[PDB]
Each structure stands twice: as structure tokens, then as C-alpha cells.
$ cat run34.pdb   # PDB, C-alpha atoms (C1' of nucleotides)
ATOM      1  CA  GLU A 378     225.454 226.260  45.572
ATOM      2  CA  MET A 379     228.457 224.215  46.724
ATOM      3  CA  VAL A 380     226.552 223.038  49.808
ATOM      4  CA  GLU A 381     223.498 222.065  47.750
ATOM      5  CA  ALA A 382     225.783 220.183  45.355
ATOM      6  CA  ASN A 383     227.651 218.348  48.136
ATOM      7  CA  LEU A 384     224.560 217.449  50.188
ATOM      8  CA  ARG A 385     224.523 214.185  48.226
ATOM      9  CA  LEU A 386     228.152 213.502  49.141
ATOM     10  CA  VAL A 387     227.297 214.282  52.774
ATOM     11  CA  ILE A 388     224.394 211.829  52.798
ATOM     12  CA  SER A 389     226.580 209.236  51.049
ATOM     13  CA  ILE A 390     229.197 209.581  53.796
ATOM     14  CA  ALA A 391     226.379 209.311  56.344
ATOM     15  CA  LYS A 392     225.232 206.059  54.725
ATOM     16  CA  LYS A 393     228.831 204.808  54.742
ATOM     17  CA  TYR A 394     228.965 205.657  58.467
ATOM     18  CA  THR A 395     225.579 204.159  59.410
ATOM     19  CA  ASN A 396     225.842 203.949  63.185
ATOM     20  CA  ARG A 397     222.847 204.462  65.452
ATOM     21  CA  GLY A 398     224.655 206.836  67.837
ATOM     22  CA  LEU A 399     222.159 209.560  68.740
ATOM     23  CA  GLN A 400     220.228 209.857  65.458
ATOM     24  CA  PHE A 401     220.830 209.968  61.698
ATOM     25  CA  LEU A 402     219.559 213.559  61.583
ATOM     26  CA  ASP A 403     222.185 214.772  64.061
ATOM     27  CA  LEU A 404     224.877 212.956  62.071
ATOM     28  CA  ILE A 405     223.685 214.574  58.830
ATOM     29  CA  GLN A 406     223.735 217.991  60.506
ATOM     30  CA  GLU A 407     227.261 217.382  61.814
ATOM     31  CA  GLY A 408     228.340 216.348  58.321
ATOM     32  CA  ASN A 409     226.809 219.512  56.875
ATOM     33  CA  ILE A 410     228.614 221.643  59.470
ATOM     34  CA  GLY A 411     231.877 219.901  58.606
ATOM     35  CA  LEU A 412     231.224 220.454  54.902
ATOM     36  CA  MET A 413     230.651 224.167  55.510
ATOM     37  CA  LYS A 414     233.811 224.439  57.620
ATOM     38  CA  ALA A 415     235.764 222.700  54.848
ATOM     39  CA  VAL A 416     234.319 224.937  52.116
ATOM     40  CA  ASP A 417     235.225 228.006  54.183
ATOM     41  CA  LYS A 418     238.884 226.912  53.919
ATOM     42  CA  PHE A 419     239.050 224.977  50.629
ATOM     43  CA  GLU A 420     241.015 226.031  47.552
ATOM     44  CA  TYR A 421     241.354 224.529  44.080
ATOM     45  CA  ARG A 422     245.051 225.403  43.668
ATOM     46  CA  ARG A 423     246.092 222.017  45.089
ATOM     47  CA  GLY A 424     244.942 220.295  41.901
ATOM     48  CA  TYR A 425     243.168 217.543  43.852
ATOM     49  CA  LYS A 426     239.526 216.584  44.386
ATOM     50  CA  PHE A 427     237.332 218.308  46.970
ATOM     51  CA  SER A 428     235.747 214.929  47.780
ATOM     52  CA  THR A 429     238.684 213.708  49.880
ATOM     53  CA  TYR A 430     239.023 216.969  51.831
ATOM     54  CA  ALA A 431     235.280 217.104  52.511
ATOM     55  CA  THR A 432     235.297 213.443  53.565
ATOM     56  CA  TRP A 433     238.168 214.023  55.997
ATOM     57  CA  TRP A 434     236.446 217.064  57.507
ATOM     58  CA  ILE A 435     233.121 215.226  57.830
ATOM     59  CA  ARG A 436     234.855 212.245  59.454
ATOM     60  CA  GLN A 437     236.571 214.556  61.946
ATOM     61  CA  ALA A 438     233.285 216.317  62.729
ATOM     62  CA  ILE A 439     231.426 213.025  63.217
ATOM     63  CA  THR A 440     234.217 211.705  65.446
ATOM     64  CA  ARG A 441     234.096 214.844  67.596
ATOM     65  CA  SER A 442     230.295 214.673  67.815
ATOM     66  CA  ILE A 443     230.237 210.985  68.768
ATOM     67  CA  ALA A 444     232.986 211.574  71.335
ATOM     68  CA  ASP A 445     231.254 214.588  72.918
ATOM     69  CA  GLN A 446     227.533 214.018  72.291
ATOM     70  CA  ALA A 447     225.558 210.761  71.802
ATOM     71  CA  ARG A 448     226.136 209.824  75.449
ATOM     72  CA  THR A 449     224.629 210.564  78.869
ATOM     73  CA  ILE A 450     227.921 211.600  80.488
ATOM     74  CA  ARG A 451     230.509 213.693  78.653
ATOM     75  CA  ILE A 452     233.663 211.725  77.822
ATOM     76  CA  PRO A 453     236.708 213.542  76.370
ATOM     77  CA  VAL A 454     238.065 212.704  72.935
ATOM     78  CA  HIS A 455     241.330 211.353  74.364
ATOM     79  CA  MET A 456     239.482 208.935  76.650
TER      80      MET A 456
ATOM     81  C1'  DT B   1     230.392 217.847 197.779
ATOM     82  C1'  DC B   2     234.104 221.295 196.587
ATOM     83  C1'  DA B   3     238.581 221.407 194.076
ATOM     84  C1'  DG B   4     243.449 220.335 191.286
ATOM     85  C1'  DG B   5     244.083 218.782 186.771
ATOM     86  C1'  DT B   6     244.355 217.151 182.081
ATOM     87  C1'  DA B   7     241.543 217.233 177.637
ATOM     88  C1'  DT B   8     239.566 220.511 174.401
ATOM     89  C1'  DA B   9     238.795 225.328 172.145
ATOM     90  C1'  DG B  10     239.422 230.534 171.135
ATOM     91  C1'  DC B  11     242.895 234.100 170.686
ATOM     92  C1'  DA B  12     247.854 237.351 168.989
ATOM     93  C1'  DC B  13     251.195 237.243 165.299
ATOM     94  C1'  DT B  14     254.990 237.191 160.894
ATOM     95  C1'  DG B  15     255.589 234.823 156.739
ATOM     96  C1'  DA B  16     254.906 231.668 153.459
ATOM     97  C1'  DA B  17     250.687 230.211 149.622
ATOM     98  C1'  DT B  18     247.242 231.742 146.190
ATOM     99  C1'  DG B  19     245.105 235.621 142.161
ATOM    100  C1'  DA B  20     245.370 238.508 138.339
ATOM    101  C1'  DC B  21     247.748 240.398 134.144
ATOM    102  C1'  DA B  22     250.940 240.040 130.528
ATOM    103  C1'  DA B  23     254.416 237.700 127.154
ATOM    104  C1'  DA B  24     256.617 233.764 124.552
ATOM    105  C1'  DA B  25     255.867 229.154 122.147
ATOM    106  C1'  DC B  26     253.477 225.201 119.680
ATOM    107  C1'  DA B  27     249.611 223.081 117.022
ATOM    108  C1'  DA B  28     245.247 223.636 114.002
ATOM    109  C1'  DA B  29     243.332 226.099 110.043
ATOM    110  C1'  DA B  30     242.797 229.130 105.988
ATOM    111  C1'  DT B  31     245.315 231.394 102.170
ATOM    112  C1'  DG B  32     248.726 231.566  98.597
ATOM    113  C1'  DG B  33     252.816 229.580  95.424
ATOM    114  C1'  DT B  34     254.035 225.757  92.273
ATOM    115  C1'  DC B  35     254.202 221.169  89.348
ATOM    116  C1'  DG B  36     252.143 217.939  86.137
ATOM    117  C1'  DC B  37     247.849 216.248  83.924
ATOM    118  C1'  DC B  38     243.001 217.182  81.535
ATOM    119  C1'  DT B  39     241.206 219.321  78.109
ATOM    120  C1'  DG B  40     239.515 222.754  74.043
ATOM    121  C1'  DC B  41     240.753 223.778  69.295
ATOM    122  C1'  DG B  42     242.859 223.190  64.552
ATOM    123  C1'  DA B  43     244.747 220.193  60.659
ATOM    124  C1'  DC B  44     245.817 215.564  57.728
ATOM    125  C1'  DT B  45     244.881 216.905  49.930
ATOM    126  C1'  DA B  46     244.582 209.601  45.394
ATOM    127  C1'  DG B  47     238.964 208.613  44.728
ATOM    128  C1'  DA B  48     235.026 207.954  47.446
ATOM    129  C1'  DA B  49     228.088 211.658  45.416
ATOM    130  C1'  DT B  50     219.938 209.262  47.742
ATOM    131  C1'  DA B  51     221.298 203.272  49.496
ATOM    132  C1'  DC B  52     221.640 202.841  54.137
ATOM    133  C1'  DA B  53     218.311 203.014  57.764
ATOM    134  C1'  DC B  54     216.025 198.178  57.494
ATOM    135  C1'  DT B  55     210.255 195.974  58.931
ATOM    136  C1'  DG B  56     207.540 192.403  62.837
ATOM    137  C1'  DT B  57     202.506 195.403  65.177
ATOM    138  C1'  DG B  58     200.598 190.608  63.102
ATOM    139  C1'  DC B  59     194.075 191.270  60.800
ATOM    140  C1'  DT B  60     191.272 191.740  69.153
ATOM    141  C1'  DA B  61     186.460 194.501  70.343
ATOM    142  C1'  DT B  62     184.095 197.572  69.238
ATOM    143  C1'  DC B  63     183.135 203.178  69.692
ATOM    144  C1'  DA B  64     183.054 207.710  68.332
ATOM    145  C1'  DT B  65     185.022 212.275  64.935
ATOM    146  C1'  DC B  66     186.591 214.526  60.972
ATOM    147  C1'  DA B  67     186.684 215.486  55.102
ATOM    148  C1'  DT B  68     185.494 213.306  50.162
ATOM    149  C1'  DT B  69     181.398 210.579  47.189
ATOM    150  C1'  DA B  70     176.931 210.283  45.416
ATOM    151  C1'  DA B  71     172.614 212.310  44.707
ATOM    152  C1'  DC B  72     167.856 214.903  46.262
ATOM    153  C1'  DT B  73     166.533 219.533  45.380
TER     154       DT B  73
END
$ encode --input "run34.pdb" --output "C-alpha cells"
Amino acid sequence: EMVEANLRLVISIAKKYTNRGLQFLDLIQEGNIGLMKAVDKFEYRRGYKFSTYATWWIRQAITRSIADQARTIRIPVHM
DNA sequence: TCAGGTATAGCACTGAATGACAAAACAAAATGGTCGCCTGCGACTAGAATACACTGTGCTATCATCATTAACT
């Protein structure tokens, strides 16, 4: 239920990060994976909004995916 | 023309030269110890919710294959 509710937030972040990269579908899948990984560790005791945490996790996932994938040769994240 | 002789070659003989085996030393190569960098993984808590991809081949020249429309039976 949380994933189905936040799919719209995921696609909104994807639209805010509209780069060609590999493909929009791969970026949406990476955002969904990041959303799931954030939900698996999220709690409401902080008294803040889940939107910021989910956005940070999706940004990290997209950065890792564009640093590793979306290229012929594999380039590390530090490079 | 026959013969003494000097030039040239074979023969008797100890002792120095030349073979075979083993050991010590140096250089080339593979294996192992060690240092610093590359890299794989996790976390950062104000709010951010289908609008950003975007289109552009252009309507050539016909030719043949598949379900819906209309109507004869």
C-alpha cells in the first residue's frame, strides 16, 4: 500500500530528474527500489515527513545507477 | 763408375700436458611478504506527489493480408 501510494512521488522525482541516461524506465525502477529500501527502514517517530527521506534515498539510488550503469565501460562512483 | 758424406726419416725413453668427476659461487627466475590505493556498501530526517519526456516522418508508388460493415439469402 505504501509503495502504491508513493509511486506518484517516485514518478514526480523522475520527472524532476529528467535525464536521458539509459532510459526513463530504468530510472523509474531504480527509484522504486530506493523507495522500497527506504520503507524497509523508515519510522514515523522522527515526527518529520516521509517525502524528504524517500527523496534522499531515490536520489542516492539514481546517482549509484547513473555512476555504475548507463555507460559502456564501468566507472566507479568516486571517479 | 764405385764410394765418403751430409741431408732427411724412423726408433728408445721419462716426464710434463690433457680428461673426467665433483664442489663452491654468481646471476636469472619464480614464489612469498608487505605497503598504499581502488573499490563495495551504508547513511544524510524542513517540504518537495502523472508533467516531464517532448514531435518532425512530412501526404512517394503502388501491392498484397487481416477483421468490422452492409446486405443477399
$ closest_atom_pairs --input "run34.pdb" --of "chain B" --to "chain A" --cutoff "10 Å" --atoms "all atoms listed in the file" --output "CSV"
residue,atom,partner,partner_atom,distance
B:38,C1',A:453,CA,8.9
B:39,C1',A:453,CA,7.5
B:40,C1',A:453,CA,9.9
B:43,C1',A:434,CA,9.4
B:44,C1',A:433,CA,8.0
B:45,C1',A:430,CA,6.2
B:46,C1',A:425,CA,8.2
B:47,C1',A:429,CA,7.3
B:48,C1',A:428,CA,7.0
B:49,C1',A:386,CA,4.2
B:50,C1',A:385,CA,6.7
B:51,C1',A:392,CA,7.1
B:52,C1',A:392,CA,4.9
B:53,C1',A:395,CA,7.5
$ closest_residue --input "run34.pdb" --among "A:451, A:441, A:446, A:435" --to "residue 414 (chain A)" --atoms "only C-alpha atoms"
A:435
$ atom_distance --input "run34.pdb" --atom1 "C1' of residue 54 (chain B)" --atom2 "CA of residue 407 (chain A)"
22.7 Å
$ atom_distance --input "run34.pdb" --atom1 "CA of residue 444 (chain A)" --atom2 "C1' of residue 36 (chain B)"
25.0 Å
$ closest_residue --input "run34.pdb" --among "A:456, A:379, A:439, A:450" --to "residue 400 (chain A)" --atoms "only C-alpha atoms"
A:439
$ atom_distance --input "run34.pdb" --atom1 "CA of residue 418 (chain A)" --atom2 "CA of residue 445 (chain A)"
23.9 Å
$ axis_aligned_box --input "run34.pdb" --around "region 400-415 of chain A" --padding-each-side "5 Å" --output "AutoDock Vina command-line options"
--center_x 227.7 --center_y 217.1 --center_z 60.2 --size_x 26.2 --size_y 24.6 --size_z 20.6
$ closest_residue --input "run34.pdb" --among "A:437, A:412, A:443, A:421" --to "residue 381 (chain A)" --atoms "all atoms listed in the file"
A:412
$ decode --input "run34.pdb" --residues "chain A" --atoms "C-alpha atoms" --output "PDB file, in the first residue's frame"
ATOM      1  CA  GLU A 378       0.000   0.000   0.000  1.00  0.00           C
ATOM      2  CA  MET A 379       2.817   2.429   0.834  1.00  0.00           C
ATOM      3  CA  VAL A 380       4.557   1.641  -2.465  1.00  0.00           C
ATOM      4  CA  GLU A 381       1.348   2.116  -4.458  1.00  0.00           C
ATOM      5  CA  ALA A 382       0.786   5.424  -2.657  1.00  0.00           C
ATOM      6  CA  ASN A 383       4.346   6.674  -3.254  1.00  0.00           C
ATOM      7  CA  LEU A 384       4.558   5.591  -6.908  1.00  0.00           C
ATOM      8  CA  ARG A 385       3.318   9.091  -7.750  1.00  0.00           C
ATOM      9  CA  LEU A 386       6.088  10.660  -5.666  1.00  0.00           C
ATOM     10  CA  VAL A 387       8.586   8.371  -7.413  1.00  0.00           C
ATOM     11  CA  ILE A 388       7.398   9.423 -10.867  1.00  0.00           C
ATOM     12  CA  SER A 389       7.420  13.072  -9.755  1.00  0.00           C
ATOM     13  CA  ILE A 390      11.061  12.731  -8.685  1.00  0.00           C
ATOM     14  CA  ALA A 391      11.751  11.027 -12.021  1.00  0.00           C
ATOM     15  CA  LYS A 392      10.213  13.992 -13.851  1.00  0.00           C
ATOM     16  CA  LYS A 393      12.287  16.362 -11.705  1.00  0.00           C
ATOM     17  CA  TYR A 394      15.375  14.337 -12.695  1.00  0.00           C
ATOM     18  CA  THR A 395      14.578  14.063 -16.422  1.00  0.00           C
ATOM     19  CA  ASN A 396      17.916  12.978 -17.855  1.00  0.00           C
ATOM     20  CA  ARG A 397      18.174  10.637 -20.826  1.00  0.00           C
ATOM     21  CA  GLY A 398      20.819   8.389 -19.232  1.00  0.00           C
ATOM     22  CA  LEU A 399      19.907   4.819 -20.174  1.00  0.00           C
ATOM     23  CA  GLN A 400      16.094   5.049 -20.182  1.00  0.00           C
ATOM     24  CA  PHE A 401      13.239   6.527 -18.138  1.00  0.00           C
ATOM     25  CA  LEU A 402      12.003   3.021 -17.298  1.00  0.00           C
ATOM     26  CA  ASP A 403      15.308   2.033 -15.685  1.00  0.00           C
ATOM     27  CA  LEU A 404      15.293   5.285 -13.703  1.00  0.00           C
ATOM     28  CA  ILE A 405      11.731   4.631 -12.506  1.00  0.00           C
ATOM     29  CA  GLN A 406      12.718   1.106 -11.461  1.00  0.00           C
ATOM     30  CA  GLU A 407      15.754   2.433  -9.581  1.00  0.00           C
ATOM     31  CA  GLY A 408      13.524   4.971  -7.843  1.00  0.00           C
ATOM     32  CA  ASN A 409      11.090   2.218  -6.873  1.00  0.00           C
ATOM     33  CA  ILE A 410      13.941   0.101  -5.486  1.00  0.00           C
ATOM     34  CA  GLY A 411      15.162   3.090  -3.484  1.00  0.00           C
ATOM     35  CA  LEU A 412      11.635   3.714  -2.211  1.00  0.00           C
ATOM     36  CA  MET A 413      11.358   0.094  -1.067  1.00  0.00           C
ATOM     37  CA  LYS A 414      14.759   0.242   0.643  1.00  0.00           C
ATOM     38  CA  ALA A 415      13.687   3.441   2.412  1.00  0.00           C
ATOM     39  CA  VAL A 416      10.339   1.981   3.512  1.00  0.00           C
ATOM     40  CA  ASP A 417      12.151  -1.076   4.885  1.00  0.00           C
ATOM     41  CA  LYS A 418      14.000   1.282   7.267  1.00  0.00           C
ATOM     42  CA  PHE A 419      11.577   4.191   7.775  1.00  0.00           C
ATOM     43  CA  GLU A 420       9.891   5.104  11.056  1.00  0.00           C
ATOM     44  CA  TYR A 421       7.350   7.770  11.985  1.00  0.00           C
ATOM     45  CA  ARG A 422       8.837   8.502  15.428  1.00  0.00           C
ATOM     46  CA  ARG A 423      11.021  11.278  13.981  1.00  0.00           C
ATOM     47  CA  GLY A 424       7.963  13.492  13.541  1.00  0.00           C
ATOM     48  CA  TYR A 425       9.028  14.515  10.027  1.00  0.00           C
ATOM     49  CA  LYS A 426       7.682  13.832   6.535  1.00  0.00           C
ATOM     50  CA  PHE A 427       8.472  10.625   4.648  1.00  0.00           C
ATOM     51  CA  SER A 428       8.759  12.666   1.434  1.00  0.00           C
ATOM     52  CA  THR A 429      12.230  14.020   2.239  1.00  0.00           C
ATOM     53  CA  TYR A 430      13.619  10.635   3.317  1.00  0.00           C
ATOM     54  CA  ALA A 431      12.202   8.922   0.228  1.00  0.00           C
ATOM     55  CA  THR A 432      13.575  11.696  -1.993  1.00  0.00           C
ATOM     56  CA  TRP A 433      17.054  11.358  -0.484  1.00  0.00           C
ATOM     57  CA  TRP A 434      17.017   7.577  -0.922  1.00  0.00           C
ATOM     58  CA  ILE A 435      15.777   7.839  -4.518  1.00  0.00           C
ATOM     59  CA  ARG A 436      18.445  10.444  -5.313  1.00  0.00           C
ATOM     60  CA  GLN A 437      21.140   8.178  -3.865  1.00  0.00           C
ATOM     61  CA  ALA A 438      19.835   5.194  -5.841  1.00  0.00           C
ATOM     62  CA  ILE A 439      19.697   7.177  -9.094  1.00  0.00           C
ATOM     63  CA  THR A 440      23.212   8.518  -8.503  1.00  0.00           C
ATOM     64  CA  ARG A 441      24.543   4.999  -7.919  1.00  0.00           C
ATOM     65  CA  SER A 442      22.747   3.694 -11.017  1.00  0.00           C
ATOM     66  CA  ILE A 443      23.999   6.502 -13.268  1.00  0.00           C
ATOM     67  CA  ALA A 444      27.526   6.062 -11.904  1.00  0.00           C
ATOM     68  CA  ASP A 445      27.549   2.274 -12.392  1.00  0.00           C
ATOM     69  CA  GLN A 446      25.136   1.646 -15.281  1.00  0.00           C
ATOM     70  CA  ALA A 447      24.112   3.910 -18.209  1.00  0.00           C
ATOM     71  CA  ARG A 448      27.602   3.610 -19.707  1.00  0.00           C
ATOM     72  CA  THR A 449      29.583   1.196 -21.889  1.00  0.00           C
ATOM     73  CA  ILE A 450      32.542   0.911 -19.502  1.00  0.00           C
ATOM     74  CA  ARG A 451      32.090   0.707 -15.734  1.00  0.00           C
ATOM     75  CA  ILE A 452      33.311   3.839 -13.940  1.00  0.00           C
ATOM     76  CA  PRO A 453      33.458   3.900 -10.112  1.00  0.00           C
ATOM     77  CA  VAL A 454      31.398   6.348  -8.088  1.00  0.00           C
ATOM     78  CA  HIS A 455      34.495   8.174  -6.822  1.00  0.00           C
ATOM     79  CA  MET A 456      35.757   8.762 -10.364  1.00  0.00           C
TER      80      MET A 456
END
